[PDB]
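What follows is a single chain, given as C-alpha cells, in the form deposited without the DNA and RNA.
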C-alpha cells in the first residue's frame, strides 16, 4: 500500500494534524506514528497488517505518548452488506465503544480525526464506501461529523474537485463529495509514483436538510448516477425517466433553461433540483425509482 516512510514528511504531517484523538490508518513502519508521538499526539493505530504491529507496540512502550494499536483495517469497517465475520474487519460501533468515543449530534463540532492514505488502486471504491456511510450517518458517521484526512492520487483528486468549470473530469463523486464536505488540500507530496494530495474532508453542518436526509439520500444518489450516465444529455431528458412531475416546470423553479445539460449543473444545482422535487405537494409519488445503478 501507501505508507509515509520519509521522516521529513512525517514531521510536517504531525504539525498539520496537531496544529483531540487521532486515528492513524495503516501506519506501516510507523514513521508518522513516531513523529506524532514525539509531537505529543494521542494516537490510536488502526493497522490492517499484523506484521507491523510488533514495532508499533514497541513505540508505545518507550515513547512519551499514549499509543493504542488495533489490528483493524479502517477501509473494511462496517461492510455495506455482509455478516461482520473477519478478525481484521470489524464494526465501528464495537471499536468506538472500546476506545471510549462518544457519539455527538451532526451539528456539534468534530468529535474525532482520522488520518491516512487511500489505497493506491482502491480510491474510487473507498470514496464510494465513505460517501454511503456519510450520507446515511452509519459506520463512523453514526458518531458525528468525523474529519477524514487522506492522501489521494492526482487523477482522482482532479476528478473529485471538478465541476462545470472543468467538465471533462466532472462526475458523480465530484457532486457527492463537494456537497458533503468542504475539501481542502493540506499538503502535496511529489513521489516517484506520482503526486499525492492530502485532502481534508470535513462533513458540512448543513449537508442534511428538511428534504435531503439520511433516509432518502439513496434517491439523490440515483438521480446523480442517472444524470451522469448520459452526461452530455439535457437534464430534462433525464427527468422524464426520474419523476412524473412536469420536468420543464421543475427546471424553471431552479432557474435553469430547458436545454440545460447535466455537465453544466453545479453540485448545488443538483441538490436544489432534488429538494425541489421532494418538496412538491399533492403527489402520490415524486420519483420513478425502480432500478439499482452501479457505483461509477
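Numbering follows the first chain given and starts at 1.
A second form of this protein, the form solved in complex with the DNA and RNA, is not displayed here; the remarks below concern that form.
(request) Decide yes or no: are 54, 61 and 142 jointly within 4.5 Å of the DNA and RNA in the deposited complex, with each residue judged by its heavy atoms? (result) No, none of 54, 61 and 142 comes within 4.5 Å of the DNA and RNA in the deposited complex.
(request) Spot the stretch among 105 to 113, 219 to 227, 199 to 207, 92 to 100 with residues whose non-hydrogen atoms come within 4.5 Å of the DNA and RNA in the deposited complex. (result) Checking each option against the 4.5 Å cut-off leaves 219 to 227.
(message) Under a 4.5 angstroms heavy atom criterion, identify the one residue in 80, 184, 71, 187 near the DNA and RNA in the deposited complex.
(response) Selected option: 80.
(request) Classify residue 122 as contacting or not contacting the DNA and RNA in the deposited complex by the rule of any non-hydrogen atom within 4.5 angstroms, answering yes or no. (result) Heavy-atom contact with the DNA and RNA at 4.5 Å: present for residue 122.
(message) Whether residue 195 contacts the DNA and RNA in the deposited complex should be assessed with a 4.5 Å heavy atom distance threshold; does it?
(response) Taking the distances in the deposited complex, the answer for residue 195 is no, it never comes within 4.5 Å of the DNA and RNA.
(message) I'd like to know whether residue 135 contacts the DNA and RNA in the deposited complex, with contact meaning heavy atoms within 4.5 angstroms.
(response) Looking in the deposited complex, residue contacts with the DNA and RNA do not include residue 135, since no heavy atom lies within 4.5 Å.
(request) Verify the contact flag for residue 170: yes if a non-hydrogen atom of it lies within 4.5 Å of a non-hydrogen atom of the DNA and RNA in the deposited complex, no if not. (result) Within the cut-off, so yes.
(request) Taking only heavy atoms into account, state which residues of 3 to 42 are within 4.5 Å of the DNA and RNA in the deposited complex, ordered by sequence. (result) Contacts from 3 to 42: none.
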